[PDB]
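*Asks:* What follows is a single structure, and I will ask about it in a moment.
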Amino acid sequence: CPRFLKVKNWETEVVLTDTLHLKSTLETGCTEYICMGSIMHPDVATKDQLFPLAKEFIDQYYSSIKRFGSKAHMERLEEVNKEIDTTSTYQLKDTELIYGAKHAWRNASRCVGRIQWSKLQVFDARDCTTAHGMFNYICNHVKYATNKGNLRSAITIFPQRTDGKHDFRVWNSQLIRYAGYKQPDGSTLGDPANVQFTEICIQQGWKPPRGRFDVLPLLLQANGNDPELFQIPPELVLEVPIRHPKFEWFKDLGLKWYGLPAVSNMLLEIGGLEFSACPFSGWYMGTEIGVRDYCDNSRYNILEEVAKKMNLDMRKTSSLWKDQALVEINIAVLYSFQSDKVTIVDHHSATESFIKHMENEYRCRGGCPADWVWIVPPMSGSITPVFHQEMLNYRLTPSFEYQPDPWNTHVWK
Amino acid sequence: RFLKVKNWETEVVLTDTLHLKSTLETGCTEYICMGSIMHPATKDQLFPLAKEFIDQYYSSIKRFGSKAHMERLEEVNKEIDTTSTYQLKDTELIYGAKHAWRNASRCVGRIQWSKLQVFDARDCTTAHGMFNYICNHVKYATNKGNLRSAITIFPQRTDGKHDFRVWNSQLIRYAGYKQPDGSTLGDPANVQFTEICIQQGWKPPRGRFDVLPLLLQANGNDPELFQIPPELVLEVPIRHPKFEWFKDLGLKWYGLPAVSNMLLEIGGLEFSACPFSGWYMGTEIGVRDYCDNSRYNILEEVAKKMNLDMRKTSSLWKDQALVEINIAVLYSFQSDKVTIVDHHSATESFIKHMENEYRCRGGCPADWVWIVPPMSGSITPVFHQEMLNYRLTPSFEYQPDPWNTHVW
Ligand code: HEM
Ligand code: HEM
Ligand SMILES: CNCCCc1cc(F)cc(CCc2cc(C)cc(N)n2)c1
Ligand SMILES: CNCCCc1cc(F)cc(CCc2cc(C)cc(N)n2)c1
Ligand SMILES: C[C@H](O)[C@H](O)[C@H]1CNc2nc(N)[nH]c(=O)c2N1
Ligand SMILES: C[C@H](O)[C@H](O)[C@H]1CNc2nc(N)[nH]c(=O)c2N1
Ligand SMILES: [Zn+2]
């Protein structure tokens, strides 16, 4: 592989040089003959697999703190090595855990919000042993991150995988989601994306309100045991009613959303150690809600209804009635969050910040892995600066990875 | 292996076998994806390439290994042998050109691929000849508003020193002028080319929408200037169906999108001059041409006239202005009965096309970065469609700009 790869920005002519790609640790899915750049998704580590992975990570940590080759570096290497030999695994120091989490984010090629990577509150929950304990840790996470609307990015890290039969998992794909209910007539109530998970909760004992915006309970698995249900205290769930600055009728749509985006189904990989339960949260970019959650056809799908109230000609697509309603819906989402003083960022500000971040990373780090297909917002793409920005995509470690859904793998006791 | 692609909105899963045919590179490796990078012979090289192309041509007409097939292979052999090149049969030329279009990963318009008028211009020898052939192309393809896809193919490359080149990047473009006060009149993308035309003898009217002259290079010679007769150049004044002040912006655009800077490769032969044209998708003009910061850059003005609050980005004033502009463009072309497709209709057609190709062909190479429109991405069906990208031949390839390689 070449040492220096160049990316160009076509709007500004700015050319950047990437050397960091050389540290790439896993597969993209692409080959020389085929590109899988738009493919969404393209029993434990042995002693011998673990050694080099740990050393790689420890070396990187001590390099970051300007102590590479130091006595403490060599000592930590030797202590880690001894531990893998005696126990087949090892434990990260708090400093290393914190470093690894921040770097997993920094390395997340699909995230446009990475300018904030070094400000991340890490909660060490590796002493957790039960589902009730997971509940307590998650509630504290939610409260801290929510911060009455002045959101703060955070991650809570539960115990690493051991033999694979004692995994900690948050079964919820996200900490806060709204229920979806399939009706006998084929229609769906609530969020159609969440029908399967909702059914699981119901089966596990949940009493469903059967509303349009019912916050789902937490379904929590500790130490490989069967998962348990807990209801997040409603006062910990900050919500924003959606209204529009011009259209007084917009509030009559009965829309709202939750303030806190918190992914809970991913796996955090640090130095070959696997943290299967590591819920992390930041704050929303407007389009996430205004374009995808609200306007995807398989989601709340409100374009028609909004178009109707806007008195739009909806007979020809070439009227762009869909596009027109989309913009207004996204204005309403930003207006409502700002008015309730809940942190949110529009797609213009976020993408501009990301370009600045990316340039800084090329400068200090020799590159910045980025997935253009995900970085470019789902509306108004080319009027954001990321559209014109060539990106290189590659996988650095530590990283957040996908993992199978726990109800597909769980061995019920 | 076989490969699956999922549409996440419909949950439809298609299976790609066609990719096993590719041999050219994508640019990516197992460790680095370059999917968002815009730009990532001899007798012994020539025959296997010729062979494969002839092989797939005869296979496409259900006469593989036929007598005609054999003789053709034999024929191509002797010719590469004796002349260091070979000439395509007419049928092969048309097949090759349609398939270059069909294989263009970046084109959302491929549902039309087999409806392509092919003009054989391989007997051309001079820039005057090229001009004549290009004027006929434009006249035919424009067709008084009812646009028709067409391609004009000039003589292939031989020694690299006698190249035919259309120096314009597209047949019809507006000039751009670098003002004293540092701003730009017209189209800033064309500033450099406009200046080469001026230097070569072109007398610029210095307006905002001056149709550039043709600059044509035949057989490696110096390029010569020609003015396309204006009655061949169909234009549309942009107005809005509700905002009667929109026409006052004084905007127009041309009806014929016609790429003229690409290289058509067929069976190892290189056609360095192959202007091809279709019809516009509205966003091309409404979003990119007009609203790119480095293009006509009109968002700010439109935003003013719409009396929008422009102090905070979060008012989405830019997005609002963008939608209205694209409405105007569509409305204008339609009102003038000039062929145009909106990005909703175009992306639908493309999904249907994809399904057709998977069914009859075993796949369809597609570049999501180019296919997804530059506005309202996820409300179009291609946003939710996983695509595989790979390079099939015959193909359209990029080539160097001629002013960087030509000796006068
Ligand atoms: C602080 C403000 C943040 C903003 C504005 C932000 C923005 C975004 C957006 C818009 C996406 C695409 C989401 C989607 O389309 O589903 C995304 C994805 C992602 N973000 Fe960030 N994010 C933030 C914080 C974080 C944090 C704190 C982490 C981890 C510690 C993180 C890691 C990721 C990862 C791994 C993805 C890919 C998710 C997936 O593949 O499903 N982000 N982010
Ligand atoms: C008939 C209606 C057509 C439509 C609606 C259409 C639409 C488009 C659009 C929107 C693009 C993106 C262009 C850009 O952003 O610069 C594109 C690219 C492209 N099209 Fe089509 N097209 C059509 C016809 C054709 C024809 C007739 C050919 C060839 C014979 C062709 C070959 C290509 C190629 C090679 C590209 C990639 C160009 C590049 O990489 O710069 N298209 N098309
Ligand atoms: C195929 N994707 C399916 C999941 C989409 C999703 C749903 C959700 F409720 C919440 C999210 C959160 C995404 C996110 C995560 C973070 C940390 C910040 C931010 N602004 N956005 C995603
Ligand atoms: C980075 N790209 C730079 C060139 C952009 C461009 C300029 C132009 F005048 C005309 C086009 C036409 C593209 C096209 C070509 C065809 C054949 C059909 C269609 N609807 N659109 C593109
Ligand atoms: C098929 C395609 O890869 C898929 O629809 C992707 C496109 N880009 C995306 N980008 C973001 N931010 N989020 C998504 O869910 C998707 N979905
Ligand atoms: C950096 C990126 O590759 C570049 O801006 C691409 C993105 N997608 C595009 N898509 C189309 N249709 N046309 C373009 O010019 C571009 N530009
Ligand atoms: Zn790739």
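FYI, nothing fancy with the structure tokens labels: chains A, B, ... in order, residues from 1 per chain, ligands from 1 as they appear.
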Please produce, as JSON lines, a per-residue contact table for chain B versus ligand 3 (criterion: any atom at most 12 Å away, only C-alpha atoms and all ligand atoms considered), showing the nearest atom pair and its distance in Å to one decimal, sorted by chain then residue number.

*Replies:*
```
{"residue": "B:7", "atom": "CA", "partner": "ligand 3", "partner_atom_place_in_ligand_line": "1 (C)", "distance": 11.8}
{"residue": "B:8", "atom": "CA", "partner": "ligand 3", "partner_atom_place_in_ligand_line": "1 (C)", "distance": 8.6}
{"residue": "B:9", "atom": "CA", "partner": "ligand 3", "partner_atom_place_in_ligand_line": "1 (C)", "distance": 10.7}
{"residue": "B:384", "atom": "CA", "partner": "ligand 3", "partner_atom_place_in_ligand_line": "1 (C)", "distance": 10.2}
```

*Asks:* Any chance you could export the current selection's N, CA, C and O atoms as a JSON list (two decimals), in the first residue's frame?

*Replies:*
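Saved result, result-v1.json, follows:
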```json
[["chain", "number", "residue", "atom", "x", "y", "z"],
["B", 7, "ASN", "N", -32.34, -3.39, 0.12],
["B", 7, "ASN", "CA", -32.98, -2.09, 0.24],
["B", 7, "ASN", "C", -33.59, -2.05, 1.63],
["B", 7, "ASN", "O", -34.36, -2.93, 1.99],
["B", 8, "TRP", "N", -33.24, -1.04, 2.42],
["B", 8, "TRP", "CA", -33.63, -1.05, 3.83],
["B", 8, "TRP", "C", -35.02, -0.51, 4.09],
["B", 8, "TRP", "O", -35.54, -0.60, 5.20],
["B", 9, "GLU", "N", -35.63, 0.05, 3.05],
["B", 9, "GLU", "CA", -36.99, 0.56, 3.14],
["B", 9, "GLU", "C", -37.99, -0.52, 2.75],
["B", 9, "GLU", "O", -39.00, -0.70, 3.42],
["B", 384, "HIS", "N", -31.90, 4.51, 0.25],
["B", 384, "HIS", "CA", -32.08, 3.32, 1.09],
["B", 384, "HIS", "C", -31.66, 2.03, 0.39],
["B", 384, "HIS", "O", -31.79, 0.93, 0.94]]
```

*Asks:* So which residues are near ligand 5, meaning at most 6 Å away with only C-alpha atoms and all ligand atoms counted, given back as a PyMOL selection string?

*Replies:* (chain A and resi 38-40+373-375) or (chain B and resi 383-386)

*Asks:* Residues of the last selection are to be written out with N, CA, C and O atoms, as a PDB file, in the first residue's frame.

*Replies:*
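Listed below is the output, again.pdb:
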```pdb
ATOM      1  N   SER A  38     -21.472   1.415   0.154  1.00  0.00           N
ATOM      2  CA  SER A  38     -22.853   1.738   0.542  1.00  0.00           C
ATOM      3  C   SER A  38     -23.585   0.554   1.187  1.00  0.00           C
ATOM      4  O   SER A  38     -24.802   0.624   1.426  1.00  0.00           O
ATOM      5  N   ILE A  39     -22.853  -0.531   1.443  1.00  0.00           N
ATOM      6  CA  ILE A  39     -23.411  -1.681   2.156  1.00  0.00           C
ATOM      7  C   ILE A  39     -23.443  -1.356   3.653  1.00  0.00           C
ATOM      8  O   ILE A  39     -22.403  -0.991   4.233  1.00  0.00           O
ATOM      9  N   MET A  40     -24.611  -1.468   4.286  1.00  0.00           N
ATOM     10  CA  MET A  40     -24.711  -1.038   5.694  1.00  0.00           C
ATOM     11  C   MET A  40     -23.873  -1.895   6.661  1.00  0.00           C
ATOM     12  O   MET A  40     -23.133  -1.354   7.492  1.00  0.00           O
ATOM     13  N   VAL A 373     -20.864   8.241   2.831  1.00  0.00           N
ATOM     14  CA  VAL A 373     -22.260   7.810   2.706  1.00  0.00           C
ATOM     15  C   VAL A 373     -23.064   8.119   3.975  1.00  0.00           C
ATOM     16  O   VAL A 373     -24.272   8.370   3.903  1.00  0.00           O
ATOM     17  N   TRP A 374     -22.381   8.128   5.127  1.00  0.00           N
ATOM     18  CA  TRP A 374     -23.030   8.399   6.427  1.00  0.00           C
ATOM     19  C   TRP A 374     -22.851   9.833   6.878  1.00  0.00           C
ATOM     20  O   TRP A 374     -23.769  10.417   7.458  1.00  0.00           O
ATOM     21  N   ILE A 375     -21.662  10.394   6.629  1.00  0.00           N
ATOM     22  CA  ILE A 375     -21.348  11.774   7.002  1.00  0.00           C
ATOM     23  C   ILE A 375     -22.268  12.804   6.326  1.00  0.00           C
ATOM     24  O   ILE A 375     -22.750  13.730   6.984  1.00  0.00           O
TER      25      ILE A 375
ATOM     26  N   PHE B 383     -31.492   6.327  -1.790  1.00  0.00           N
ATOM     27  CA  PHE B 383     -30.779   6.518  -0.518  1.00  0.00           C
ATOM     28  C   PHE B 383     -30.777   5.222   0.286  1.00  0.00           C
ATOM     29  O   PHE B 383     -29.769   4.860   0.903  1.00  0.00           O
ATOM     30  N   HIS B 384     -31.901   4.514   0.254  1.00  0.00           N
ATOM     31  CA  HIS B 384     -32.082   3.324   1.090  1.00  0.00           C
ATOM     32  C   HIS B 384     -31.662   2.031   0.385  1.00  0.00           C
ATOM     33  O   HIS B 384     -31.789   0.931   0.943  1.00  0.00           O
ATOM     34  N   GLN B 385     -31.155   2.175  -0.839  1.00  0.00           N
ATOM     35  CA  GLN B 385     -30.757   1.035  -1.655  1.00  0.00           C
ATOM     36  C   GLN B 385     -29.258   0.779  -1.561  1.00  0.00           C
ATOM     37  O   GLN B 385     -28.449   1.605  -2.002  1.00  0.00           O
ATOM     38  N   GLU B 386     -28.871  -0.368  -1.010  1.00  0.00           N
ATOM     39  CA  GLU B 386     -27.463  -0.738  -1.070  1.00  0.00           C
ATOM     40  C   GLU B 386     -27.093  -0.993  -2.531  1.00  0.00           C
ATOM     41  O   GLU B 386     -27.867  -1.595  -3.284  1.00  0.00           O
TER      42      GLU B 386
END
```

*Asks:* For chain B, which residue out of A:193, A:30, A:53, A:120 is the nearest one, using only C-alpha atoms?

*Replies:*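 Under the stated criterion, the closest residue is A:30.
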
*Asks:* If you run DSSP on this backbone, which residues of range 139-376 of chain B come out as strand (DSSP E), and could you give them as a PyMOL selection string?

*Replies:* chain B and resi 150-153+165-166+176-178+184-186+214-217+224-226+235-237+252-254+258-259+263-266+269-271+276-277+280-281+340-341

*Asks:* Report as a ChimeraX atom specification the set of chain A residues whose atoms approach chain B to within 7 Å, with distances computed over only C-alpha atoms.

*Replies:* /A:11,24,26-39,296,298,317-320,323-324,327,331,334,346,348,372-373,378-383,390-394

*Asks:* Generate the output file for the selected residues, C-alpha atoms, as a short mmCIF file (atom, residue, chain, number, x, y, z; two decimals), in the first residue's frame.

*Replies:*
```cif
data_model
loop_
_atom_site.label_atom_id
_atom_site.label_comp_id
_atom_site.auth_asym_id
_atom_site.auth_seq_id
_atom_site.Cartn_x
_atom_site.Cartn_y
_atom_site.Cartn_z
CA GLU A 11 -15.49 23.26 -3.54
CA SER A 24 -5.63 0.24 9.40
CA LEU A 26 -9.48 -4.54 9.87
CA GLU A 27 -11.43 -5.09 6.65
CA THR A 28 -13.66 -2.57 4.90
CA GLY A 29 -15.50 -5.19 2.90
CA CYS A 30 -14.14 -3.72 -0.32
CA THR A 31 -11.72 -5.44 -2.66
CA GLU A 32 -9.71 -4.21 -5.64
CA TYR A 33 -12.56 -5.45 -7.86
CA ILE A 34 -15.62 -4.27 -5.95
CA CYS A 35 -16.61 -1.42 -3.63
CA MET A 36 -19.02 -2.03 -0.77
CA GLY A 37 -19.04 1.56 0.44
CA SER A 38 -22.85 1.74 0.54
CA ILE A 39 -23.41 -1.68 2.16
CA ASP A 296 -38.73 7.82 6.23
CA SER A 298 -40.94 2.89 7.05
CA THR A 317 -43.81 14.81 -7.88
CA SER A 318 -42.28 17.67 -9.87
CA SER A 319 -44.05 20.19 -7.64
CA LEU A 320 -41.47 19.05 -5.03
CA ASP A 323 -39.09 18.47 -0.43
CA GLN A 324 -41.02 21.55 0.67
CA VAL A 327 -37.66 21.57 5.11
CA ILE A 331 -37.23 23.83 10.84
CA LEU A 334 -34.73 22.76 15.40
CA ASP A 346 -28.39 21.69 12.52
CA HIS A 348 -25.00 23.02 8.35
CA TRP A 372 -19.04 9.82 3.14
CA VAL A 373 -22.26 7.81 2.71
CA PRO A 378 -30.04 12.95 4.41
CA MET A 379 -31.28 16.32 3.09
CA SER A 380 -29.66 19.22 1.18
CA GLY A 381 -26.47 17.24 0.74
CA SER A 382 -24.53 19.38 -1.69
CA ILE A 383 -25.17 22.63 0.20
CA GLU A 390 -13.23 13.47 -0.66
CA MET A 391 -12.93 11.04 2.27
CA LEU A 392 -10.95 7.86 2.86
CA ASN A 393 -12.63 5.11 4.84
CA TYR A 394 -10.71 2.59 6.94
#
```

*Asks:* Can you tell me which residues sit at most 8 Å away from ligand 4, counting only C-alpha atoms and all ligand atoms, written as a PyMOL selection string?

*Replies:* chain B and resi 107+109+149+169-173+257-259+276-281+284+289

*Asks:* Which residue out of B:108, B:148, B:88, B:16 has the minimum interatomic distance to ligand 6 when only C-alpha atoms and all ligand atoms are used?

*Replies:* B:108

*Asks:* For the structure I just gave you, how does DSSP split range 130-173 of chain A - specifically, which residues are alpha helix (DSSP H)? Reply as a list in words.

*Replies:* residues 131, 132, 133, 134, 135, 136, 137, 138, 139, 140, 141, 142, 143, 144, 145 and 146 of chain A

*Asks:* Considering only C-alpha atoms, return as a VMD selection string whatever protein or nucleic-acid residues lie within 7 Å of residue 283 in chain A, sequence-local ones (same chain, fewer than 3 positions apart) excluded.

*Replies:* chain A and resid 151 260 to 261 343 to 344

*Asks:* What does the distance from CA of residue 88 in chain A to CA of residue 270 in chain A come to in Å, to one decimal?

*Replies:* 15.6 Å

*Asks:* Distance atom 6 (C, counted along the ligand's line) of ligand 1-CA of residue 119 in chain A, one decimal place?

*Replies:* 12.7 Å

*Asks:* Counting only C-alpha atoms, what is within 6 Å of range 200-216 of chain A, bar same-chain residues fewer than 5 positions away, as a ChimeraX atom specification?

*Replies:* /A:177-179,189-190

*Asks:* How far is it from CA of residue 114 in chain A to atom 4 (C, counted along the ligand's line) of ligand 1, in Å with one decimal?

*Replies:*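 Computing it gives 7.0 Å between the two atoms.
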
*Asks:* Set the distance at 7 Å and use only C-alpha atoms: which residues neighbour residue 121 in chain A once local chain neighbours fewer than 3 positions away are removed? I'd like the list as a PyMOL selection string.

*Replies:* chain A and resi 153-155

*Asks:* Can you work out which one of A:135, A:412, A:144, A:387 has the shortest atom-to-atom distance to ligand 2, counting only C-alpha atoms and all ligand atoms?

*Replies:*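 Comparing A:135, A:412, A:144, A:387 against ligand 2, the winner is A:387.
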